[PDB]
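Comments concern the structure below.
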Amino acid sequence: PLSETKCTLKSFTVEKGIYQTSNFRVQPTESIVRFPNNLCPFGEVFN
Amino acid sequence: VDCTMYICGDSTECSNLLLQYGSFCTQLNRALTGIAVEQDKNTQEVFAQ
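These protein sequence lines are chains C and A, in that order. With the authors' numbering as the guide, the letters of the first sequence map in order to residues 295 to 331, 334 to 343. In short: position in the second sequence from 1, add 735, done, that's the authors' numbering.
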């Protein structure tokens, strides 16, 4: 995280202070598909 | 305001194209930071003399 700011100032000298390096994001663990709790009568057609 | 995320929600398909407009993404941050930096200079000189 220190090296990425020096690429923002383009300089090898980094003046005393606070600099804003590229943002970070939290990333998703998993997908959650949810559909409510008919059925097609394939037991009534095929059987 | 993060241009990359604002314009392109979390998606590289849009993120790639944004690279073609160059500094438009960054220089806004430079503008906003330019504001927010001095916003404390205002309060600096007004209240703390």
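C-beta atoms are modelled at their ideal positions from N, C-alpha and C, and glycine is treated no differently.
Ranked by how close their Cα comes to the Cα of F306/C, the residues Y313/C, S297/C, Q314/C and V327/C have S297/C in first place.
Taking a cut-off of 8 Å for Cβ pairs, the region 307-325 of chain C and the region 737-745 of chain A touch, as three or more such pairs fall below it. Here the alpha carbons of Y756/A and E773/A stand approximately 27 Å from one another. C-alpha of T315/C to C-alpha of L335/C: approximately 54 Å in a straight line. Secondary structure of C743/A (DSSP, three-state): coil. Straight through space, the alpha carbons of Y313/C and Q762/A are spaced by roughly 15 Å.
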